[PDB]
Amino acid sequence: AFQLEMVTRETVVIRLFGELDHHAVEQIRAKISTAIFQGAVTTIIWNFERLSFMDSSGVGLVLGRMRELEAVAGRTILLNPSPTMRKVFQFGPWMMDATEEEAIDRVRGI
C-alpha cells in the first residue's frame with residue numbers, strides 16, 4: 001500500500017507500507033512524475049519505514065524520480081531505509097532516520 005500527501009510548498013511525502021507490488025510502483029510513477037513535470041513537486045521524502053518489501057521496480061521508481069528532480073534542481077530524501085535499501089542506494093540521496101514532521105521541519109530550513 002502507499003499514500004501521497006502534499007505536505008509543504010512543493011514537498012510530497014510518499015508513505016510506503018506493507019508490500020509494494022509492481023502495479024503500485026506504476027500508480028506512483030504516474031502521479032509523481034506528473035507532479036514534477038507540472039512543477040507541483042520539487043522535493044520528495046520517501047518514507048520507507050513500514051515497508052516490508054518492494055520488488056526491483058521500486059528501486060528504479062525512486063532513482064527515476066531522482067533523475068527527474070535533478071533537472072528542476074529538486075531534492076530527494078530517503079527516510080527510514082532498512083539495510084539493503086540504504087546499501088542499495090549508497091552504492092546518492094539524503095537519508096535521515098527521523099519522523100515525517102522531523103523530515104519536513106528539516107526541509108523548511110535551507
# chains A, B, ... in the order shown; residues from 1 in each chain; ligands from 1
>>> residues_around(residues="stretch 43-45 of chain A", least_positions_apart="6", cutoff="8 Å", atoms="only C-alpha atoms", output="short mmCIF file (atom, residue, chain, number, x, y, z; two decimals) with N, CA and C atoms, in the first residue's frame")
data_model
loop_
_atom_site.label_atom_id
_atom_site.label_comp_id
_atom_site.auth_asym_id
_atom_site.auth_seq_id
_atom_site.Cartn_x
_atom_site.Cartn_y
_atom_site.Cartn_z
N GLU A 10 5.47 22.52 -2.47
CA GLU A 10 6.24 21.70 -3.38
C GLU A 10 6.84 20.44 -2.77
N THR A 11 6.46 20.08 -1.55
CA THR A 11 7.04 18.87 -0.97
C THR A 11 6.02 17.76 -0.83
N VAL A 12 6.39 16.57 -1.30
CA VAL A 12 5.48 15.44 -1.26
C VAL A 12 6.03 14.26 -0.47
N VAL A 13 5.18 13.68 0.35
CA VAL A 13 5.53 12.51 1.12
C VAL A 13 4.93 11.27 0.46
N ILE A 14 5.78 10.31 0.17
CA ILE A 14 5.30 9.03 -0.28
C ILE A 14 5.43 7.99 0.87
N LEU A 69 14.11 14.91 -10.63
CA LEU A 69 14.34 16.05 -9.76
C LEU A 69 15.65 16.77 -10.12
N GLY A 74 15.52 19.90 -7.92
CA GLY A 74 14.73 19.39 -6.81
C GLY A 74 15.56 18.49 -5.93
N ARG A 75 14.94 17.89 -4.91
CA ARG A 75 15.70 17.07 -3.96
C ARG A 75 14.91 15.90 -3.46
N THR A 76 15.65 14.84 -3.11
CA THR A 76 15.09 13.63 -2.55
C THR A 76 15.63 13.32 -1.17
N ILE A 77 14.74 12.83 -0.31
CA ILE A 77 15.15 12.32 0.98
C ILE A 77 14.60 10.92 1.18
N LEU A 78 15.47 10.00 1.56
CA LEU A 78 15.07 8.64 1.83
C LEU A 78 14.98 8.54 3.33
N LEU A 79 13.78 8.30 3.82
CA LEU A 79 13.52 8.37 5.24
C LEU A 79 13.27 7.02 5.88
N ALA A 103 11.46 15.10 9.32
CA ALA A 103 11.91 15.24 7.96
C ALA A 103 11.48 16.57 7.34
#
>>> select_by_dssp(residues="chain A", states="strand (DSSP E or B)", output="PyMOL selection string")
chain A and resi 2-8+11-20+43-54+75-79+94-95
>>> closest_atom_pairs(of="stretch 50-105 of chain A", to="stretch 17-32 of chain A", cutoff="6 Å", atoms="only C-alpha atoms", output="JSON lines")
{"residue": "A:50", "atom": "CA", "partner": "A:17", "partner_atom": "CA", "distance": 4.7}
{"residue": "A:51", "atom": "CA", "partner": "A:17", "partner_atom": "CA", "distance": 4.4}
{"residue": "A:52", "atom": "CA", "partner": "A:18", "partner_atom": "CA", "distance": 5.0}
{"residue": "A:53", "atom": "CA", "partner": "A:19", "partner_atom": "CA", "distance": 5.0}
{"residue": "A:54", "atom": "CA", "partner": "A:20", "partner_atom": "CA", "distance": 4.7}
{"residue": "A:58", "atom": "CA", "partner": "A:25", "partner_atom": "CA", "distance": 5.9}
>>> write_last_selection(atoms="C-alpha atoms", output="PDB file, in the first residue's frame")
ATOM      1  CA  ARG A  50       6.621   0.424   7.328  1.00  0.00           C
ATOM      2  CA  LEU A  51       7.602  -1.185   4.086  1.00  0.00           C
ATOM      3  CA  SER A  52       8.227  -4.899   4.274  1.00  0.00           C
ATOM      4  CA  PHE A  53       9.133  -5.447   0.661  1.00  0.00           C
ATOM      5  CA  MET A  54       9.149  -3.889  -2.803  1.00  0.00           C
ATOM      6  CA  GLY A  58      10.671   0.232  -6.663  1.00  0.00           C
TER       7      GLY A  58
END
>>> atom_distance(atom1="atom CA of residue A:109", atom2="atom CA of residue A:87")
27.0 Å
>>> select_by_dssp(residues="chain A", states="alpha helix (DSSP H)", output="count of residues only")
49
>>> closest_residue(among="A:7, A:96, A:85, A:71", to="residue A:36", atoms="only C-alpha atoms")
A:71
>>> residues_around(residues="residue A:49", least_positions_apart="4", cutoff="9 Å", atoms="only C-alpha atoms", output="list in words")
residues 15, 16, 17, 79, 80, 81 and 82 of chain A
>>> write_last_selection(atoms="N, CA and C atoms", output="CSV table (one decimal), in the first residue's frame")
chain,number,residue,atom,x,y,z
A,15,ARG,N,4.3,7.7,1.5
A,15,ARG,CA,4.4,6.6,2.6
A,15,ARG,C,4.3,5.3,2.0
A,16,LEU,N,5.3,4.4,2.2
A,16,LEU,CA,5.2,3.0,1.7
A,16,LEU,C,4.9,2.2,2.9
A,17,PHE,N,4.0,1.2,2.7
A,17,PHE,CA,3.6,0.4,3.8
A,17,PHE,C,3.2,-1.0,3.3
A,79,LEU,N,13.8,8.3,3.8
A,79,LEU,CA,13.5,8.4,5.2
A,79,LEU,C,13.3,7.0,5.9
A,80,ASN,N,14.2,6.6,6.7
A,80,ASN,CA,14.0,5.3,7.4
A,80,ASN,C,14.2,4.1,6.5
A,81,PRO,N,15.1,4.1,5.6
A,81,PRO,CA,15.6,3.0,4.9
A,81,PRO,C,16.1,1.9,5.8
A,82,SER,N,15.7,0.6,5.4
A,82,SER,CA,16.3,-0.5,6.1
A,82,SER,C,17.7,-0.7,5.6
>>> residues_around(residues="residue A:37", least_positions_apart="3", cutoff="10 Å", atoms="only C-alpha atoms", output="PyMOL selection string")
chain A and resi 32-34+40-42+68-69+72
>>> write_last_selection(atoms="N, CA, C and O atoms", output="short mmCIF file (atom, residue, chain, number, x, y, z; two decimals), in the first residue's frame")
data_model
loop_
_atom_site.label_atom_id
_atom_site.label_comp_id
_atom_site.auth_asym_id
_atom_site.auth_seq_id
_atom_site.Cartn_x
_atom_site.Cartn_y
_atom_site.Cartn_z
N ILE A 32 3.51 11.15 -9.39
CA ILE A 32 4.69 11.93 -9.04
C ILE A 32 5.40 12.48 -10.28
O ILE A 32 5.69 13.66 -10.36
N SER A 33 5.68 11.65 -11.26
CA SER A 33 6.30 12.18 -12.47
C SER A 33 5.46 13.30 -13.03
O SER A 33 5.99 14.29 -13.54
N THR A 34 4.14 13.16 -12.93
CA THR A 34 3.30 14.20 -13.48
C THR A 34 3.57 15.45 -12.69
O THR A 34 3.88 16.52 -13.24
N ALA A 40 4.53 20.93 -9.55
CA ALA A 40 3.82 20.87 -8.30
C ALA A 40 4.72 20.25 -7.22
O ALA A 40 4.47 20.41 -6.01
N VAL A 41 5.76 19.55 -7.66
CA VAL A 41 6.67 18.87 -6.75
C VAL A 41 8.12 19.07 -7.08
O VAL A 41 8.53 18.83 -8.20
N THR A 42 8.89 19.51 -6.10
CA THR A 42 10.33 19.60 -6.26
C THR A 42 11.06 18.96 -5.09
O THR A 42 12.27 19.07 -4.98
N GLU A 68 14.67 12.86 -12.43
CA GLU A 68 13.66 13.85 -12.77
C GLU A 68 13.84 15.10 -11.91
O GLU A 68 13.74 16.21 -12.40
N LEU A 69 14.11 14.91 -10.63
CA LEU A 69 14.34 16.05 -9.76
C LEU A 69 15.65 16.77 -10.12
O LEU A 69 15.69 18.01 -10.16
N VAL A 72 15.19 19.87 -12.24
CA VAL A 72 14.45 21.03 -11.72
C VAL A 72 15.11 21.48 -10.42
O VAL A 72 14.54 22.23 -9.62
#
>>> atom_distance(atom1="atom CA of residue A:1", atom2="atom CA of residue A:108")
27.3 Å
>>> closest_residue(among="A:104, A:2, A:48, A:63", to="residue A:89", atoms="only C-alpha atoms")
A:63
>>> closest_residue(among="A:47, A:110, A:38, A:65", to="residue A:95", atoms="only C-alpha atoms")
A:47
>>> decode(residues="stretch 30-74 of chain A", atoms="N, CA and C atoms", output="short mmCIF file (atom, residue, chain, number, x, y, z; two decimals), in the first residue's frame")
data_model
loop_
_atom_site.label_atom_id
_atom_site.label_comp_id
_atom_site.auth_asym_id
_atom_site.auth_seq_id
_atom_site.Cartn_x
_atom_site.Cartn_y
_atom_site.Cartn_z
N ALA A 30 3.21 7.32 -11.97
CA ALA A 30 2.32 8.15 -12.75
C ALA A 30 2.10 9.51 -12.09
N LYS A 31 1.68 9.49 -10.84
CA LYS A 31 1.27 10.72 -10.15
C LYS A 31 2.38 11.69 -9.84
N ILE A 32 3.51 11.15 -9.39
CA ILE A 32 4.69 11.93 -9.04
C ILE A 32 5.40 12.48 -10.28
N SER A 33 5.68 11.65 -11.26
CA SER A 33 6.30 12.18 -12.47
C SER A 33 5.46 13.30 -13.03
N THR A 34 4.14 13.16 -12.93
CA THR A 34 3.30 14.20 -13.48
C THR A 34 3.57 15.45 -12.69
N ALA A 35 3.47 15.29 -11.37
CA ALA A 35 3.61 16.37 -10.44
C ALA A 35 4.93 17.11 -10.63
N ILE A 36 5.99 16.37 -10.92
CA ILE A 36 7.28 17.00 -11.12
C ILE A 36 7.26 17.81 -12.41
N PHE A 37 6.82 17.17 -13.50
CA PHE A 37 6.72 17.82 -14.81
C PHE A 37 5.75 19.00 -14.75
N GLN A 38 4.79 18.95 -13.83
CA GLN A 38 3.86 20.07 -13.68
C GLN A 38 4.43 21.15 -12.76
N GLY A 39 5.50 20.83 -12.06
CA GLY A 39 6.11 21.80 -11.17
C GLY A 39 5.39 21.91 -9.83
N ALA A 40 4.53 20.93 -9.55
CA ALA A 40 3.82 20.87 -8.30
C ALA A 40 4.72 20.25 -7.22
N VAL A 41 5.76 19.55 -7.66
CA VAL A 41 6.67 18.87 -6.75
C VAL A 41 8.12 19.07 -7.08
N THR A 42 8.89 19.51 -6.10
CA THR A 42 10.33 19.60 -6.26
C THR A 42 11.06 18.96 -5.09
N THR A 43 10.34 18.30 -4.20
CA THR A 43 11.01 17.61 -3.12
C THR A 43 10.20 16.40 -2.75
N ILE A 44 10.86 15.25 -2.71
CA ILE A 44 10.20 14.02 -2.35
C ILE A 44 10.89 13.45 -1.16
N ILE A 45 10.10 13.18 -0.13
CA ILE A 45 10.53 12.46 1.02
C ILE A 45 9.89 11.09 0.81
N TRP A 46 10.71 10.05 0.72
CA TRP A 46 10.19 8.68 0.60
C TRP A 46 10.21 8.07 1.97
N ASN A 47 9.05 7.79 2.55
CA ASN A 47 9.08 7.14 3.85
C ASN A 47 9.04 5.62 3.70
N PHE A 48 10.18 4.98 3.96
CA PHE A 48 10.36 3.53 3.82
C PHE A 48 10.09 2.71 5.09
N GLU A 49 10.03 3.37 6.22
CA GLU A 49 9.71 2.65 7.41
C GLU A 49 8.89 1.40 7.75
N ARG A 50 7.69 1.39 7.15
CA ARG A 50 6.62 0.42 7.33
C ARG A 50 6.66 -0.60 6.21
N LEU A 51 7.59 -0.41 5.29
CA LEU A 51 7.60 -1.18 4.09
C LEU A 51 8.20 -2.53 4.45
N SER A 52 7.60 -3.62 3.99
CA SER A 52 8.23 -4.90 4.27
C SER A 52 8.96 -5.42 3.05
N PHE A 53 8.54 -4.95 1.88
CA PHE A 53 9.13 -5.45 0.66
C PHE A 53 8.60 -4.79 -0.60
N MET A 54 9.51 -4.40 -1.49
CA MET A 54 9.15 -3.89 -2.80
C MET A 54 9.93 -4.73 -3.79
N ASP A 55 9.44 -4.88 -5.01
CA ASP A 55 10.21 -5.66 -5.98
C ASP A 55 11.22 -4.69 -6.56
N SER A 56 12.08 -5.19 -7.44
CA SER A 56 13.11 -4.35 -8.04
C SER A 56 12.64 -3.04 -8.69
N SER A 57 11.42 -3.00 -9.22
CA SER A 57 10.93 -1.78 -9.88
C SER A 57 10.77 -0.58 -8.92
N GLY A 58 10.74 -0.85 -7.62
CA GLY A 58 10.67 0.23 -6.66
C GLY A 58 11.98 1.00 -6.69
N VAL A 59 13.08 0.27 -6.91
CA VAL A 59 14.40 0.84 -6.88
C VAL A 59 14.51 1.82 -8.01
N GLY A 60 14.02 1.44 -9.18
CA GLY A 60 14.03 2.31 -10.33
C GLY A 60 13.01 3.41 -10.14
N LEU A 61 11.93 3.08 -9.44
CA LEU A 61 10.90 4.06 -9.22
C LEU A 61 11.60 5.23 -8.57
N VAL A 62 12.34 4.95 -7.51
CA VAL A 62 12.99 6.01 -6.75
C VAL A 62 14.08 6.73 -7.56
N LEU A 63 14.95 5.97 -8.22
CA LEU A 63 16.05 6.57 -8.97
C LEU A 63 15.57 7.37 -10.17
N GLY A 64 14.43 6.99 -10.72
CA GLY A 64 13.88 7.69 -11.85
C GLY A 64 13.52 9.10 -11.42
N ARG A 65 12.72 9.18 -10.37
CA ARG A 65 12.29 10.46 -9.85
C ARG A 65 13.46 11.35 -9.47
N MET A 66 14.56 10.73 -9.05
CA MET A 66 15.76 11.48 -8.73
C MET A 66 16.28 12.18 -9.98
N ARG A 67 16.41 11.41 -11.06
CA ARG A 67 16.90 11.97 -12.31
C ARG A 67 15.94 13.04 -12.76
N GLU A 68 14.67 12.86 -12.43
CA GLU A 68 13.66 13.85 -12.77
C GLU A 68 13.84 15.10 -11.91
N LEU A 69 14.11 14.91 -10.63
CA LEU A 69 14.34 16.05 -9.76
C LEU A 69 15.65 16.77 -10.12
N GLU A 70 16.70 16.02 -10.44
CA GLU A 70 17.98 16.67 -10.73
C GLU A 70 17.79 17.87 -11.66
N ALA A 71 16.97 17.69 -12.70
CA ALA A 71 16.79 18.74 -13.71
C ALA A 71 16.03 19.99 -13.26
N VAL A 72 15.19 19.87 -12.24
CA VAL A 72 14.45 21.03 -11.72
C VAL A 72 15.11 21.48 -10.42
N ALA A 73 16.33 20.99 -10.23
CA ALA A 73 17.12 21.29 -9.06
C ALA A 73 16.36 20.93 -7.80
N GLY A 74 15.52 19.90 -7.92
CA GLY A 74 14.73 19.39 -6.81
C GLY A 74 15.56 18.49 -5.93
#
